[PDB]
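The block underneath contains the structure these notes are about, expressed in structure tokens.
There are 6 protein chains.
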Amino acid sequence: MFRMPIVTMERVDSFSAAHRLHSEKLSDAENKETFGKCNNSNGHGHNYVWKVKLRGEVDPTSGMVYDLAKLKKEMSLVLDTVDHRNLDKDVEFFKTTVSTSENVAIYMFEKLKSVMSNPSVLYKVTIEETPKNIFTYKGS
Amino acid sequence: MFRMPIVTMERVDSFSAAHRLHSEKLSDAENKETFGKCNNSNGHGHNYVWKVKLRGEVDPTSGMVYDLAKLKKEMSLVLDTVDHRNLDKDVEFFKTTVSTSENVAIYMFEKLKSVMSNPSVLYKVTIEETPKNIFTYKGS
Amino acid sequence: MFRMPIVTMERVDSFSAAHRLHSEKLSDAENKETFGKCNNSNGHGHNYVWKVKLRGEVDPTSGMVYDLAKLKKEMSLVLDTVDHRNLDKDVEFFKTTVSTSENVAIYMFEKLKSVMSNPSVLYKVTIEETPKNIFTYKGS
Amino acid sequence: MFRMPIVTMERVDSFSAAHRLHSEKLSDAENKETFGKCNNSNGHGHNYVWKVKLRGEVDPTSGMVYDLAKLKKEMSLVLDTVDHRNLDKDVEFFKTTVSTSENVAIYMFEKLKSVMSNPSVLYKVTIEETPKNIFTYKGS
Amino acid sequence: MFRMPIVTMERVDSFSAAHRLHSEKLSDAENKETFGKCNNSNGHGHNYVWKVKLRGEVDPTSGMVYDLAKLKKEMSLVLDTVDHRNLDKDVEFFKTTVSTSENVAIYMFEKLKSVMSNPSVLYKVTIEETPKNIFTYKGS
Amino acid sequence: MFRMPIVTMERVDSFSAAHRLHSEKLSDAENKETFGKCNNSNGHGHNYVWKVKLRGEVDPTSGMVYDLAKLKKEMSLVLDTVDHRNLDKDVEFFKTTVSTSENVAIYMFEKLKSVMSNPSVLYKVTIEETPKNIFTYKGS
Ligand code: NA
Ligand code: NA
Ligand code: NA
Ligand code: NA
Ligand code: NA
Ligand code: NA
Ligand code: NA
Ligand code: NA
Ligand code: NA
Ligand code: NA
Ligand code: NA
Ligand code: NA
Ligand SMILES: [Zn+2]
Ligand SMILES: [Zn+2]
Ligand SMILES: [Zn+2]
Ligand SMILES: [Zn+2]
Ligand SMILES: [Zn+2]
Ligand SMILES: [Zn+2]
């Protein structure tokens, strides 16, 4: 056995979605106060940038940390759940957990981990809600 | 009189909004066929980039095509109508004109022209629905 | 009849390709002198950004200058010819016209025009050879 | 004779400079009112993005609108005048014309035109004072 | 008690400032040699990008690592000290510590920490002096 | 002695290169299957973004983690080996190690470390093969 160099591989994609920040554990007034304009009753939306970062040994034969073709398919499966959708209304997960970008990052990390051929190399998910507001999550 | 150099001045801002592409002049099936995933019943959303381009003589005293402080205020007035809103439900204009980015560009151009201290220098509006889909409008 | 507002619609994609700048109408020395490091005998490469800009009346029913789904398919047909290829060796056109980005812009414009469902709205092609070197072409 | 396709070629570079917006034709109070925080007595600064756009026939032999190596040298000559400098204090031109980005665009266009091997193809200069504030100039 | 997922939240803003790199502990010649063109006597300037990264448990009710509205106000307080200013002349801190971007990152981190409602979640500051030169600091 | 604040300094540059992903330890069919379109026999290419990140104590006199002028020269030496070249054919290293971006990141890290005046501060190399595919390496 010979341990190979450890490298990271990150793949960037995006999805467009609507949402409204509204907690079922808060009153109407509290939701307005906590979430401000993000609580607009008819919602608003974002192009979310999703970056998926893997870390692992370089394979000596393929030269890859992970098969990009395989990652593309797995990421597509996750993106299908959220792209051109309303997070709070169309995605079961967000019925019971507020759709802040913190919680979106967690959702995407966990859903991806659930579909991956080799989930052990999943290292970090990034969600950019806008170019100015960036969230990351590395799991438990 | 002495005509001064003609220069353009462009200012970039953004707004987050939800929408759904659905024409009242189309059947449900036709809307699905025309608009595809963009017709998702609960909508989706974008961070829209708005660029406002002015063209005019440079003022010999101030060195400006237009007062940026004034433009910022006028652009804010327009952005207030759409930011963190649902275009089709919250903005009267989109009740009767489909919220394609073509029509958003027209809306923003016309609304801005309506609030400007000097609307004669308004030259072009750009809307980037995503980084990959860009629309421009120069008026009548 | 009622002429509708004229708007532009631009769609951005990319392709990765190898090339070498070498004219069959120049000597070896002249090619080295004209093209410098771009004449490296084993070639070099770029991620080329391709932007396709259309201009036309907004449709009153669909709200679109052109059907994006249709454009995506037509652009794919063109991109298939160049993506992950060697321009000078794999693309017949470049056997007899030097693969400068000027000539790539012309190639992509003409090939796209050749496959378009409605080529009359094609307005401009942009090729970014790198983020710093940008070329555009509007046809004859 | 055979007229060749007309293509544009644009090259992007940058320079870092300090400035203060202050007109000798305005009083202290007027300068404060016209220029606001831009009139800060000790100045402020920008990374200015400079884009130089040329337009002309493609050469049948070289495939180029202009020799990029030559443009790089000519642009360097202009950039030497402004990079890591204070516009108002170090550049003679700005002693008598206010250093607004409108006037910077004009300055760079004219200075470049003055050093170019083939100035007839110079088509447009862009200055981005910040990513949000963009100016262009096409000459007389 | 139940420990919640740990997520990062990063907010990006910018400021324009002039500076000159000049150490009071170096001779004129040494300053020229150490700092080169950055020692230009009348200074130069940058649009500095500032990114503020927080790390902490997601709140189960609000879904947030930190209140963005609160962060915006706190970051504004820091930005007021440097925006449209000359670092070395207008900001007391830089009279006695050289205004390299390393030291700017430290300054902004410490000043922000000093005004924060909950400074325990401050994790990292980034300063981009230009798009090509990036500095980060995580405190003591 | 007094330990100074630890800060990172990162410098971004780029190079254009051709390559083909093909392992000498795989059959023709296996190479096609492993590498797909990346195995195109005449190759393809990328503008690779290279970021070089250093980490170390801030110098109390210069205010720098490292001399940028020195880093620029050292990075140039590495870039000379790959810019406007074919990785697999022109660079000895890639004759025996597949030119995946994982292995490019390792190559650039090790080659830079080999030429650095102070290699102890080298912390991380990033290679962006395209804007969507990003690799990093921190050494052994
Ligand atoms: Na909302
Ligand atoms: Na975003
Ligand atoms: Na929809
Ligand atoms: Na956008
Ligand atoms: Na070559
Ligand atoms: Na490019
Ligand atoms: Na000032
Ligand atoms: Na800028
Ligand atoms: Na200076
Ligand atoms: Na910057
Ligand atoms: Na290949
Ligand atoms: Na890249
Ligand atoms: Zn939101
Ligand atoms: Zn949409
Ligand atoms: Zn090339
Ligand atoms: Zn300024
Ligand atoms: Zn500086
Ligand atoms: Zn490749």
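Residue numbers (the working numbering), protein chains in the order written: chain F, 767 to 906; chain Y, 767 to 906; chain S, 767 to 906; chain Z, 767 to 906; chain V, 767 to 906; chain P, 767 to 906. Ideal placement from N, C-alpha and C gives every residue a C-beta, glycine not left out.
Buried or exposed (CB count within 10 angstroms, at least 16 for buried), residue i
| i | result |
| --- | --- |
| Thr862 of chain S | exposed |
| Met841 of chain F | buried |
| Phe781 of chain Z | buried |
| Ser865 of chain Y | buried |
| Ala835 of chain S | exposed |
| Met767 of chain V | exposed |
| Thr827 of chain S | exposed |
| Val881 of chain Z | exposed |
| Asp846 of chain P | exposed |
| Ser793 of chain V | exposed |
| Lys819 of chain S | buried |
| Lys817 of chain F | buried |
| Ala795 of chain S | exposed |
| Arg769 of chain S | exposed |
| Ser867 of chain F | buried |
| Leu843 of chain V | exposed |
| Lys877 of chain F | buried |
| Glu799 of chain F | exposed |
| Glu790 of chain Z | exposed |
Residue-level contact to chain P via CB, residue i, 8 Å cutoff
| i | result |
| --- | --- |
| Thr862 of chain S | no |
| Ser789 of chain V | yes |
is_contact[residue i, chain Z] using C-beta, thresh 8 Å
| i | result |
| --- | --- |
| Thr902 of chain V | no |
| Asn797 of chain V | no |
| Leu878 of chain S | no |
DSSP three-state assignment for residue i, whether helix, strand or coil
| i | result |
| --- | --- |
| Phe768 of chain F | coil |
| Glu823 of chain V | strand |
| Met830 of chain Y | coil |
| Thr800 of chain S | helix |
| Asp849 of chain Y | coil |
| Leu792 of chain Y | coil |
| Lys839 of chain Z | helix |
| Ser865 of chain Y | coil |
| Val844 of chain P | helix |
| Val857 of chain F | coil |
| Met874 of chain Y | helix |
| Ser782 of chain Z | strand |
| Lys879 of chain P | helix |
| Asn806 of chain F | coil |
Below-8 Å beta-carbon distance, residue i vs any chain V residue
| i | result |
| --- | --- |
| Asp856 of chain Z | yes |
| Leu845 of chain F | no |
Minimum Cβ-Cβ distance from residue i to chain F less than 8 Å
| i | result |
| --- | --- |
| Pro897 of chain V | no |
| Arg851 of chain Y | yes |
| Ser782 of chain Y | yes |
| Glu868 of chain P | yes |
| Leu792 of chain P | yes |
Closer than 8 Å to chain S by CB, residue i
| i | result |
| --- | --- |
| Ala871 of chain Z | no |
Residue i at chain Y interface by Cβ criterion, 8 Å
| i | result |
| --- | --- |
| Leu888 of chain Z | no |
Quiz item: For ligand 12, which residues have a Cβ under 7 Å from at least one heavy atom, in chain order?
Solution: S:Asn813, P:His812, P:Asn813, P:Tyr814, P:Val815, P:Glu894, P:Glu895, P:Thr896 and P:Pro897
Quiz prompt | Neighbourhood of ligand 9 [Cβ distance below 5 Å to any heavy atom], ordered by chain position | solution = V:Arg786, V:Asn806, V:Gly809 and V:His810
Quiz prompt | Contacting positions in the stretch 802-833 of chain V - beta carbon closer than 8 Å to chain Z | solution = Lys803, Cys804, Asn806, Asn808, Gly809, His810, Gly811, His812 and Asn813
Quiz prompt | Positions along the stretch 768-781 of chain S whose CB lies within less than 9 Å of some CB in chain Y | solution = From the stretch 768-781 of chain S, only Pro771, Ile772, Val773, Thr774, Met775, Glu776, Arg777, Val778 and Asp779 have a Cβ closer than 9 Å to chain Y.
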